[PDB]
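Protein chains in written order, with the deposited numbering: chain A, 215 to 267; chain B, 50 to 98; chain C, 99 to 341; chain D, 196 to 244; chain E, 3 to 49; chain F, 161 to 214.
No residue lacks a Cβ here, since even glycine has one placed at the ideal position from N, Cα and C.
The structure under discussion appears below in the form of structure tokens.
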Amino acid sequence: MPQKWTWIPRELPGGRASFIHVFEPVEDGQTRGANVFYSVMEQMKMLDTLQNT
Amino acid sequence: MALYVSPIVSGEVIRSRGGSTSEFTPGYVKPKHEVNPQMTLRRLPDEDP
Amino acid sequence: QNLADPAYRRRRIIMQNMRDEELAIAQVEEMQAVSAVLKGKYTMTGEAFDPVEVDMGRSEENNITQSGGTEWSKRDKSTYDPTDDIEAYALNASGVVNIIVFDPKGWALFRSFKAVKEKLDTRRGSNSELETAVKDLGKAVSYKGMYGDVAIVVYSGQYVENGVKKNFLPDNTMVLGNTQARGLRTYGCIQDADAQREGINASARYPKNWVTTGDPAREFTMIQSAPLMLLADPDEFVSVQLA
Amino acid sequence: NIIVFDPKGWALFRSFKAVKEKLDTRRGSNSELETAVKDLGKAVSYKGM
Amino acid sequence: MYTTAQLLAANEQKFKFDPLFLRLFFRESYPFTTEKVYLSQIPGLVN
Amino acid sequence: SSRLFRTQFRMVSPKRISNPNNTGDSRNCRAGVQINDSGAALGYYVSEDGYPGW
């Protein structure tokens with residue numbers, strides 16, 4: 215089915231918090247956080263492939 | 050009706066439907082009438098003498 | 099006075115397109131079913147498609163053609179009774195029958211036999227309640243009441259051809275059948291690369307929507323299926339074409 | 196009190212006008228029959244009283 | 003240009019279609035994994 | 161009404177719950193679970209015992 219987006223303010227203009235974004239920014243300007251797996255993904259994928267083989 | 054095309058080759062794209070409009074705009078009527086108080090001297094069928 | 103975004107216009111266009119796709123798919127299966135329990139023999143063929151045949155195993159006596167000496171019309175509408183012939187056609191079915199599904203043209207002739215019209219009012223001899231003076235007009239299938247053990251229903255279903263619509267059932271036919279009669283709506287495995295990648299071949303319907311590459315990119319909307327509706331026992335039903 | 200018939204033996208008996216007129220007295224018979232068979236397509240069936 | 007057209011409601015022209023078979027005789031549906039099917043009818047006529 | 165309480169319970173395996181007539185899943189109908197617009201479940205299509213399979 216066709217996919218539709220929608221814009222949502224982070225908070226209400228009256229001060230109410232409409233939306234909540236929670237993450238740990240490693241460096242300034244990091245709009246999106248990165249999962250901790252990023253540093254070990256390949257070294258665990260190859261491990262499980264080795265186990266299967 | 051959908052066709053029985055074999056699951057190998059292709060399918061002709063059916064036209065997307067739609068489109069028809071019309072206009073019946075103006076309309077009008079005007080039954081003009083007046084009183085002409087000249088004939089008021091003569092008695093009506095009503096209003097007994 | 100109140101326009102809309104062309105994006106929303108495309109959205110509703112695609113919605114309508116999917117709707118008509120679903121209708122086109124559904125009418126194919128309905129045609130399958132009417133052919134199947136109308137004659138048993140059922141073949142599918144078309145341009146760019148090899149013909150395929152399907153024999154349910156229906157016997158000759160389950161596809162009785164009335165043509166003969168006194169088929170249905172030359173019988174006097176006044177004194178004759180069709181119930182005897184109904185029993186005769188019912189016995190050679192090997193199974194309980196409780197529907198006499200009917201055409202919208204042959205039911206008038208069936209009612210024309212005043213034997214049943216008088217059988218309606220007995221006060222002690224018939225519980226078969228029929229509904230003449232049709233209770234549903236300008237619509238889909240309509241029930242007509244009860245005929246004792248069997249229910250009377252009249253079908254007005256139409257399927258559209260390339261450019262023209264026409265009735266599913268022929269001009270004057272009828273079919274005795276059972277509610278408990280088992281029928282399968284089998285759907286074959288989808289022979290598509292994406293479907294086999296997803297492991298979703300065993301599906302009734304396969305909707306799809308993509309966009310081609312290249313600068314003049316265009317989207318394509320799809321629905322596909324492998325419908326093979328069948329029934330375990332063709333001989334349960336009896337098809338009679340009236341005359 | 197048991198007058199069970201054959202599947203076609205009962206047909207000729209039902210076909211008579213006498214049974215139909217006996218079914219219509221409104222004061223002379225309480226017999227309850229059923230033409231336009233209320234149990235077909237299977238084995239033995241009670242036809243009423 | 004300067005016509006000032008106002009639109010009224012639009013008739014749909016719905017097309018009638020009711021299965022009456024898939025929900026009357028074909029109430030059961032089966033998927034496939036194989037390429038064909040087998041149908042077995044067991045004739046029981048004991049003497 | 162023989163018992164003071166008239167409430168009983170049946171635990172149902174998910175194998176007994178599925179799409180009615182094996183129809184395709186929709187936005188609001190999913191694996192026999194009819195949900196609302198917001199996603200909250202509304203109805204369930206429970207299948208009867210399939211033993212024997214005939």
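Name the chain C residues that come within less than 9 Å of residue i, Cβ to Cβ?
i, result
"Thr183 of chain F", "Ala302 and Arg303"
"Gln8 of chain E", "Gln99"
What residues of chain F sit near residue i, judged by a beta carbon separation below 8 Å?
i, result
"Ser42 of chain E", "Going along chain F, no residue has its Cβ under 8 Å from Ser42 of chain E, so there is no contact; the nearest lies around 12 Å."
Looking at C-alpha atoms only, which residue of the options is the closest neighbour of residue i?
i, options, result
"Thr230 of chain D", "C:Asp219, C:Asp148 and C:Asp234", "C:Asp219"
"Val236 of chain A", "A:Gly229, A:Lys259 and A:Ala248", "A:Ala248"
"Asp197 of chain F", "F:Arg187, F:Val206 and F:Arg176", "F:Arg187"
"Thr6 of chain E", "B:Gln87, B:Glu72, B:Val78 and B:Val62", "B:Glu72"
"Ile111 of chain C", "B:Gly68, B:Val58, B:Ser59 and B:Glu61", "B:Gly68"
"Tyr40 of chain E", "C:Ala105, C:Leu329 and C:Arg107", "C:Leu329"
"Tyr106 of chain C", "A:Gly243, A:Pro216, A:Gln244 and A:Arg224", "A:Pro216"
"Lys242 of chain C", "C:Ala206, C:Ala186 and C:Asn260", "C:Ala206"
"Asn276 of chain C", "C:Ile197, C:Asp174 and C:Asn161", "C:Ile197"
"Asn13 of chain E", "B:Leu90, B:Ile57, B:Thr70 and B:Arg64", "B:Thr70"
"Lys263 of chain C", "E:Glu37, E:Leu9, E:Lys18 and E:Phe34", "E:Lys18"
"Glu334 of chain C", "C:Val195, C:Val248, C:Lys175 and C:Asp313", "C:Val195"
"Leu47 of chain E", "C:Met154, C:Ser192, C:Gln114 and C:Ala124", "C:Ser192"
"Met154 of chain C", "C:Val338, C:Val336, C:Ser337 and C:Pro332", "C:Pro332"
"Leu189 of chain C", "C:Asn160, C:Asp174, C:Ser165 and C:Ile288", "C:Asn160"
Near residue i, which residues of its chain fall below 6 Å by C-beta distance, leaving aside the five closest residues on each side in sequence?
i, result
"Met3 of chain E", "none"
"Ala302 of chain C", "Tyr285"
"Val152 of chain C", "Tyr140"
For chain B, is any of its Cβ atoms less than 8 Å away from the one on residue i?
i, result
"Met142 of chain C", "yes"
"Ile123 of chain C", "yes"
"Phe147 of chain C", "yes"
"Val126 of chain C", "yes"
"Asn115 of chain C", "yes"
Between residue i and chain D, is any beta-carbon pair separated by less than 8 Å?
i, result
"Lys215 of chain C", "no"
"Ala188 of chain C", "yes"
"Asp247 of chain C", "yes"
"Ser176 of chain C", "no"
"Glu227 of chain C", "no"
Looking only at its own chain, which residues have a Cβ that is under 8 Å from the Cβ of residue i, when we skip the five neighbours before and after it?
i, result
"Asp292 of chain C", "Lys306"
"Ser224 of chain C", "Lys217, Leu218 and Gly246"
"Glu169 of chain C", "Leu340 and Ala341"
Along chain C, which residues have their Cβ under 8 Å away from the Cβ of residue i?
i, result
"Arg222 of chain D", "Those do not exist, as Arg222 of chain D stays about 11 Å from chain C at its closest Cβ, beyond 8 Å."
Using a Cβ cut-off of 8 Å (strictly closer), state whether residue i contacts chain C.
i, result
"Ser69 of chain B", "no"
"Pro216 of chain A", "yes"
"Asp201 of chain D", "no"
"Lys242 of chain D", "no"
"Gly236 of chain D", "yes"
"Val239 of chain D", "no"
"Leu24 of chain E", "yes"
"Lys233 of chain D", "yes"
"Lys16 of chain E", "no"
"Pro45 of chain E", "no"
So, at 7 Å on beta carbons, what are the nonlocal neighbours of residue i in its own chain, with the 5 sequence-adjacent residues on each side left out?
i, result
"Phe200 of chain D", "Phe208"
"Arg283 of chain C", "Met327"
"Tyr178 of chain C", "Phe211 and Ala213"
Can you confirm whether residue i, when its beta carbon is compared against all beta carbons of chain F, has any partner nearer than 8 Å?
i, result
"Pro33 of chain E", "yes"
Please decide whether residue i counts as near chain A, where near means a Cβ-Cβ distance under 8 Å.
i, result
"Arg109 of chain C", "yes"
"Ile112 of chain C", "yes"
Give the residues of chain C in contact with residue i, contact being defined as C-beta atoms less than 7 Å apart.
i, result
"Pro56 of chain B", "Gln289"
Compare the C-beta of residue i against all C-beta atoms of chain E and say whether one is closer than 8 Å.
i, result
"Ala191 of chain C", "no"
Who are the neighbours of residue i on chain B, taking C-beta pairs under 8 Å?
i, result
"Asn161 of chain C", "Neighbours of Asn161 of chain C on chain B: none; closest Cβ ~24 Å, over 8 Å."
"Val258 of chain C", "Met50"
Against residue i, what residues of chain D qualify as contacts under a CB-to-CB distance less than 7 Å, listed in chain order?
i, result
"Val252 of chain C", "Near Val252 of chain C there are no residues of chain D at all, since even the closest Cβ is about 17 Å away, more than 7 Å."
Which residues in chain E have a C-beta closer than 7 Å to the C-beta of residue i? List them in chain order.
i, result
"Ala330 of chain C", "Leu41"
"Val194 of chain C", "Chain E residues near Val194 of chain C: none, gap ~14 Å exceeds 7 Å."
Using a cut-off of 8 Å between C-beta atoms, extract the partners of residue i located in chain D.
i, result
"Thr181 of chain C", "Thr230, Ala231 and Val232"
Using a C-beta to C-beta distance shorter than 9 Å, which residues of chain E count as neighbours of residue i?
i, result
"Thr284 of chain C", "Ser31, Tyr32, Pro33, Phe34 and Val39"
Starting from residue i, find everything on chain D with Cβ-Cβ shorter than 9 Å and list it in chain order.
i, result
"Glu169 of chain C", "By Cβ distance, chain D contributes nothing, its closest Cβ being about 20 Å from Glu169 of chain C, past 9 Å."
Contact between the region 203-222 of chain D and the region 293-300 of chain C (3+ Cβ pairs under 8 Å): With the cut-off at 8 Å, the region 203-222 of chain D and the region 293-300 of chain C do not touch.
Three CB pairs or more closer than 8 Å across the region 318-326 of chain C and the region 182-196 of chain C: Flag = no, the region 318-326 of chain C and the region 182-196 of chain C do not touch.
Three or more C-beta pairs below 8 Å linking the region 226-240 of chain C and the region 249-269 of chain C: Proximity of the region 226-240 of chain C to the region 249-269 of chain C meets the contact definition, three or more beta-carbon pairs being nearer than 8 Å.
Three CB pairs or more closer than 8 Å across the region 128-145 of chain C and the region 50-69 of chain B: A contact exists between the region 128-145 of chain C and the region 50-69 of chain B.
Sufficient close CB pairs (3 or more, under 8 Å) joining the region 123-135 of chain C to the region 22-31 of chain E: The answer is yes - the region 22-31 of chain E touches the region 123-135 of chain C, with three or more Cβ pairs under 8 Å.
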